[PDB]
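Observations on chain architecture
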Amino acid sequence: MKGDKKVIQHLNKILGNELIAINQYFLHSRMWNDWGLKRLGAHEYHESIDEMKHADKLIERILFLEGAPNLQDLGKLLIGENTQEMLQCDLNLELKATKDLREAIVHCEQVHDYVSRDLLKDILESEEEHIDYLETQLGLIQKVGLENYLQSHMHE
Amino acid sequence: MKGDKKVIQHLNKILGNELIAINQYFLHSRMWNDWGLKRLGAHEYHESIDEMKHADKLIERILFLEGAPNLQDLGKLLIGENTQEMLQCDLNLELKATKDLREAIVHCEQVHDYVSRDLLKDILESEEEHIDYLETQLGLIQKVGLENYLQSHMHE
Amino acid sequence: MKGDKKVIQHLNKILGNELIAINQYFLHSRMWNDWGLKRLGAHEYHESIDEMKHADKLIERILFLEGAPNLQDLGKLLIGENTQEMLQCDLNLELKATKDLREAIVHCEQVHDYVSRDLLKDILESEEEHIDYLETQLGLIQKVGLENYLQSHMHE
Amino acid sequence: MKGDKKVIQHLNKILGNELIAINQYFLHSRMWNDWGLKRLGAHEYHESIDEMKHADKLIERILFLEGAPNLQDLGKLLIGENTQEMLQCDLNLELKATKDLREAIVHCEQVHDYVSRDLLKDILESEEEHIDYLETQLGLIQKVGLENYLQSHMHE
Amino acid sequence: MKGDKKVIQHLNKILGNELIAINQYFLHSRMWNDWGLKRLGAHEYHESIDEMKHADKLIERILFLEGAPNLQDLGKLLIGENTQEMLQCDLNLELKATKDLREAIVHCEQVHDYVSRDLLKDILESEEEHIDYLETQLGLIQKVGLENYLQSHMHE
Amino acid sequence: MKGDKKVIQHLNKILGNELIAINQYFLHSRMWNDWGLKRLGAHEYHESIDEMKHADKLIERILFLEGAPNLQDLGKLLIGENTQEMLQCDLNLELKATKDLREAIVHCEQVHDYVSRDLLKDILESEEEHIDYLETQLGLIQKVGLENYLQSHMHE
Amino acid sequence: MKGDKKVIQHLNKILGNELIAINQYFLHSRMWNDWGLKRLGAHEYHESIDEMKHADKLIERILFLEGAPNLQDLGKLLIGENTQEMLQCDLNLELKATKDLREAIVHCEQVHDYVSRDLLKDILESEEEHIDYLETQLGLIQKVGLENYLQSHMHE
Ligand code: HEM
Ligand code: HEM
Ligand code: HEM
Ligand SMILES: [As]
Ligand SMILES: [Mg+2]
Ligand SMILES: [Mg+2]
Ligand SMILES: [Mg+2]
Ligand SMILES: [Mg+2]
Ligand SMILES: [Mg+2]
Ligand SMILES: [Mg+2]
Ligand SMILES: [Mg+2]
Ligand SMILES: [Mg+2]
Ligand SMILES: [Mg+2]
């Protein structure tokens, strides 16, 4: 089914966002696991997996719409050097991701690609939940203090 | 069954403290969830549900006694701005609530409405349990420090 | 995550409508139960629980958007005094609730708060279900007569 | 297998009658559901699924005999404005359908297409069961009065 | 609940398309079964059923909005003559159906019927899935050859 | 029960047709098994069994009507050289059987042997299902090519 | 544990080959699914996941050896335009990978990183397995013809 050319370019840019997210989160997860902070390791693993499945849905929809998914161009991964940095790196990436998603939905509505709008909304619902998770972890670092925070995240 | 007009007014006043407590404890619980203090939030939600169950039995009786239950005149919620303050706000609401129950129960006794008294004594017993919980948390903030106390209420 | 001010104002308004509905529907339920019309009491109870869950999710959404939920302001409860009027009251409240949900959806769309839009769309479909129930009961009173209608809501 | 061209004509006629029924009964079922007469909706809904199954078997048989099933020429639906009129419309349709069934069996017998005859006899048997139902609902409306009849069909 | 009269008109037009597809997919399913292409027959059978489900919802919504569902009017079936022709007819039909769905959605948004919108969107997502299936069968016919393609759909 | 002399003679004739088919189908089945076309072997085996069950019920009826079942005079088997001719041989035999079944039924009706007619109708229904099967296989050889057809019938 | 810095440069090279592999195989999978070659898509999906597991174990050995994993530099993805090109692209990549694996292993042996060698020997076995699969599919396309080969990979 021939899709709108700019819809597809939007979808490929979200995909590019999801592809940065997949790898940033995966490496952060394995750093935390590596330092002995398993609870964070595991939680960040699942965030990564989540973006993979978003990427999958985006690849699938591009192909249906007779476009060409772009998995070659990998943007800038924001890699913190401590827990507090890592969390804010992921939050910076999610805030870039959310306005880009918002850009695309406006366009889908213009051209009446409502199915693609809905796909993007469900993705946007999920990135807003990751923002909440992330912000809240920064808050808890202030309320309980970094050392307690890390302590609460050694084990599962 | 025609009731005592003043009992009904005591019952509506107790009902009135219940409705404040429902909205306050509920709002406090979501606040605590929102901040990542999910254990504090789950406890406070069950407190709110409890107050809902008292209101339901109060309403039921008022109607049996051919009064008119008052769900319209909501009073002032005591919303704290941090955890210590939120606990103390629940406490104050409860000290007020218990003084009004003791007064209701005196008048029930005087007019021989012994079933209404038994209801209020049950509720009173539940409010004193609540007070014990709140006083023990404040106690615990002091023994272990606010930071450790908040850490032990992040997860379940 | 900071959200649009007129959005949060819109949510606190929808929330205010829910709180009216919680109290009004709960009291009508206990009223129908008190009169021996257990089937109406059961159904009306479950409407009140529905409004409660909607209010929980608004409250959760307002806090994430860094707003301050308003459980303190409680509008005019519309209590009927017989079955026909309590139903007509519920309906009038629901029609006001859906005019406000539409306007608040319009606004979330303009400002690209698509997740808050989707939440409200969900609540709105719930309210339209409640409107269909309310309207059908009033038609059924006309079809089978009030006495048969009440007979059919005696037993659970 | 090449069948009698005229037998095929009858089968296609019978089919058309069943296509009217499907749509008539479905809409009637859904009108009744919409008025909160859930029991009449449910029964009428099964009458509709019933005619769909007859239609399936007529389409299969037409094809086997190398006919062309005609699902294009939808005849006149008989929609009522109230329960009693809806039932009387169902009764009118069914009585036309059995006159045609008997015509078609007469021709099947004549050309020795005994299988087709048997197919139409089994349909005829269902159609007579449906006549019996409709005549009995109309007779019960008289015996218990419309308001009781409809009360009895409010809930499943 | 009073619906916008031109929403109801669109709903009835979508209903009208659904009624064509029901009859057209069912007849195609029974042709394919009759030719021994039973995997094609079953899959086509379930596309028919799914359209019957969309019709049901559309009739249900129209009656709620005080509309009158049109099941008397049946547009032009596109009956193919062989497997390629039948699939292409189903695709042509689906392309008309998605166009009218977008048009109806634009209008629902305009008059703020966001629930009708959401329903129409769910259907559109289903219609688009049927389009992918059809385009995909047509493409496979080209990759594997018609003889093999049909071979692969003889047995269930 | 002394049955009609000519009814009994028709039943012996239909039995003779069954006896041919039994042997013809059993030999075709074992030829297809012997050539490694096991799915055709199995299917033809079950057609053989079915004609055996028909021959049983005819023998039981003939004996009840005080006749002599003729199992001795075996008509001409139509044995084919390749899959295509075997299916066509089966079909030719099935078309002679249905002709004799129709003439026997006509006679049963004139002399009012209605139970014999009902027996013969059930067999006719089975034979038409076999005619359907056989014609459909000859059509699929045309559609997928002989080599694919046979390929799809090597393994059970 | 301070590990050899050139080993760590190998591992990051092996890792960067896995990262090409993941994306390449995951796009081929989804192209195959989008063409209806669902058995090819599923098989290539699992090759993708397999490489993702390889990528995970290398990141972990690197972090433990005190190096910094590189997920930022995405190699050249070899994306075919038909099934046969797709498989040769996979094979092209896998021979580049095995070359790099053997280099890296010889170096591990020099410095006595026997444990990183054993991890590399395990990955090398996986890739040789995948080379066999890919060669065998190319050789099967010659033996059975492309139309049969794709036909056999339509369904799962
Ligand atoms: C750094 C690169 C990647 C790493 C390290 C990685 C790692 C993993 C791991 C460990 C799993 C779990 C496999 C299992 O044991 O079940 C997984 C699953 C998965 N991956 Fe990846 N992956 C990467 C890239 C990608 C990409 C680029 C995509 C899509 C474009 C993707 C899509 C998926 C999907 C759909 C799953 C299945 C998730 C589920 O349903 O559980 N991955 N990945
Ligand atoms: C801001 C106001 C309120 C909020 C947010 C609220 C919310 C809730 C929620 C989320 C539940 C759990 C329902 C479920 O998931 O099954 C609940 C249950 C319940 N509510 Fe409320 N509610 C409110 C006011 C009230 C009032 C005023 C009453 C009674 C007069 C009431 C009576 C009840 C009862 C009896 C239950 C069931 C408890 C049980 O037996 O498990 N609620 N409410
Ligand atoms: C007004 C148009 C129609 C409507 C609204 C409609 C609706 C429905 C619904 C809701 C179902 C049940 C689906 C499920 O939940 O599984 C159904 C089943 C079915 N329909 Fe229809 N349908 C229509 C036309 C037709 C026609 C024209 C035919 C055949 C020529 C047909 C054949 C069938 C069959 C065979 C079934 C399955 C019955 C069973 O459960 O065994 N339908 N229909
Ligand atoms: As083949
Ligand atoms: Mg496609
Ligand atoms: Mg009373
Ligand atoms: Mg104490
Ligand atoms: Mg927050
Ligand atoms: Mg045929
Ligand atoms: Mg209505
Ligand atoms: Mg005897
Ligand atoms: Mg270390
Ligand atoms: Mg080899």
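Residues numbered from 1 in each chain as written, not as in the entry; some residues may be left out. Chains lettered and ligands numbered in written order. Part of a larger assembly, values for the part shown. Heavy atoms only, no water. Residues with missing side-chain atoms left out of burial classes, pairs and counts.

Quick look at the relation of the copies chain G and chain A
We apply this condition: All copies sit on top of one another after a least-squares fit of their C-alpha atoms. Contact criterion: two residues are considered in contact whenever any of their non-hydrogen atoms come within 4.5 Å of each other.
Under the fitted operation, chain G is carried onto chain A by 0.0 Å of movement along the axis and a turn of 180°, and the coordinates agree to an RMSD of 0.2 Å. When the rotation and shift are considered jointly, the pair of chain copies conforms to a two-fold rotation axis. Using C-alpha coordinates, one finds that chain G approaches the rotation axis most closely at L74(G), a distance of 3.2 Å. When the interface residues of chain G are mapped onto chain A, 100% of them are again interface residues, pointing to one common binding face.

Considerations on the interface of chain G and chain A
Put simply, the test is: Secondary structure elements follow DSSP: runs of H or I no shorter than four residues count as helices, runs of E no shorter than two count as strands, and numbering proceeds from the N terminus.
Taken together, the contact pairs 19 residues of chain G with 19 residues of chain A. Mapped onto the side of chain G that touches chain A, the elements with two or more residues apiece are α1 (5-35) and α2 (38-65) of chain G. It is α1(G) that contributes the most residues to the side of chain G that touches chain A, seven residues altogether.

Remarks on the site of ligand 1
Convention followed: Whether a residue is near a molecule or strand depends on its heavy atoms: if one lies within 4 Å, it is near. The residue classification treats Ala, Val, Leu, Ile, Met, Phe, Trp, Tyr, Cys and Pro as nonpolar and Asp, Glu, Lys and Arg as charged. All others, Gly included, are polar.
Lining the immediate environment of ligand 1, one finds 19 residues, of which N23(A), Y45(A), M52(A), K53(A) and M52(G) sit closest. Sorting the residues of the shell around ligand 1 by element identifies α1 (5-35) and α2 (38-64) of chain A together with α1 and α2 of chain G as the ones contributing at least two each. No other element matches the six residues that α2(A) contributes to the shell around ligand 1. For the shell around ligand 1, the per-class residue count stands at 15 nonpolar, two polar and two charged.

Looking at the state of the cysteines
This is how the line gets drawn: Put simply, a disulfide is two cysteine sulfurs that come within 2.5 Å. The rule is simple: take the accessible area with a 1.4 Å probe, protein chains only, and divide by the maximum for that residue type; under 20% is buried, over 50% is exposed, in between is partly exposed.
Under the definition given, this model contains zero disulfides over all chains. Free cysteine: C108(D), not disulfide-bonded; nearest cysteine sulfur from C108(F) at 19 Å. Overall, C108(D) belongs to the buried group, its relative accessible area being 1%.

Focus: the UniProt feature "binding site: K(+)" in chain A
Keep this limit in mind: UniProt positions are given in the numbering used here, feature names are shortened, and annotations may be inferred rather than shown by experiment.
When the UniProt feature table is mapped to this numbering, "binding site: K(+)" covers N148(A) and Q151(A). Along the chain, the position of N148(A) falls in helix α5 (residues 146-151). With a relative accessible area of 13%, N148(A) lands in the buried category. Ignoring any residue separated from it by four or fewer positions in sequence, one finds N148(A) in contact with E147(B), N148(B) and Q151(B). The residue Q151(A) is located in helix α5 in this model.

Observations concerning the interface of chain B and chain A
What counts, and what does not: In short, buried area is how much 1.4 Å probe accessible area vanishes from two parts on joining, totalled over both. Just to be clear on terms, a salt bridge is a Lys or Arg side-chain nitrogen sitting within 4 Å of an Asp or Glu carboxyl oxygen. Any pair of nitrogen or oxygen atoms within 3.5 Å is treated as a polar contact; in protein, a donor-acceptor pairing is required on top of that, and neighbouring residues in sequence qualify only through side-chain atoms on both sides.
With 10 residues of chain B in contact, the opposing surface of chain A contributes 11 residues. Carbon and sulfur atoms make up 55% of the surface buried where chain B meets chain A, a total of about 930 Å² over both sides. Contact with chain A buries area across many residues of chain B, yet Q151(B), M154(B) and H155(B) alone supply 50% of it, more than any other trio. Our count for the contact surface shared by chain B and chain A stands at zero salt bridges. Here chain B is connected to chain A by six residue pairs in polar contact. The residue inventory of the side of chain B that touches chain A, partitioned by class, reads four nonpolar, four polar and two charged.

Some thoughts on a nonpolar patch on the surface
Residue and element names in this part refer to chain F. Rules: Residues enter patches when they are more than 30% accessible in relative terms and free of salt bridges; like-charged ones are connected within 9 Å and nonpolar ones (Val, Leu, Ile, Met, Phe, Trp, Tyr) within 5 Å. Only the protein chains shown count as cover for residues, with accessible areas throughout obtained via the Shrake-Rupley method and a probe of 1.4 Å.
On the surface, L27, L74, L77 and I79 cluster together into a nonpolar patch covering about 300 Å² of accessible area. Residue placement: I79 occurs in the loop between α2 (38-64) and α3 (83-110). With a relative accessible area of 35%, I79 lands in the partly exposed category.

Brief notes about the environment of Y114(E)
Along the polypeptide, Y114(E) turns up in helix α4 (residues 114-144). For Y114(E), a relative accessible area of 3% puts it in the buried group. Not counting chain neighbours up to four residues away, the residues in contact with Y114(E) comprise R102(C), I105(C), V106(C), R117(C), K121(C), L124(C) and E109(E). Of the polar contacts made by the side chain of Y114(E), one reaches the side chain of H112(E); its length is 2.7 Å.

Notes on the UniProt feature "binding site: Fe(2+) Fe2" in chain A
Residue and element names in this part refer to chain A. If you check UniProt for "binding site: Fe(2+) Fe2", the listed places come out as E51, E94, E127 and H130 in our numbering. For this annotated set, covering 80 residues, all C-alpha atoms fall within 11.1 Å of each other, a compact arrangement in space. With respect to the helices, strands and loops of the structure, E127 is situated in helix α4 (residues 114-144). On the basis of relative accessible area, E127 is assigned to the buried category, the value being 2%. If near-sequence neighbours (up to four positions away) are discounted, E127 is found in contact with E18, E51, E94, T98 and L101. Note on placement: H130 falls in helix α4. By relative accessible area, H130 is classed as buried at 1%. At 3.2 Å, the side chain of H130 and the side chain of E47 are in polar contact.

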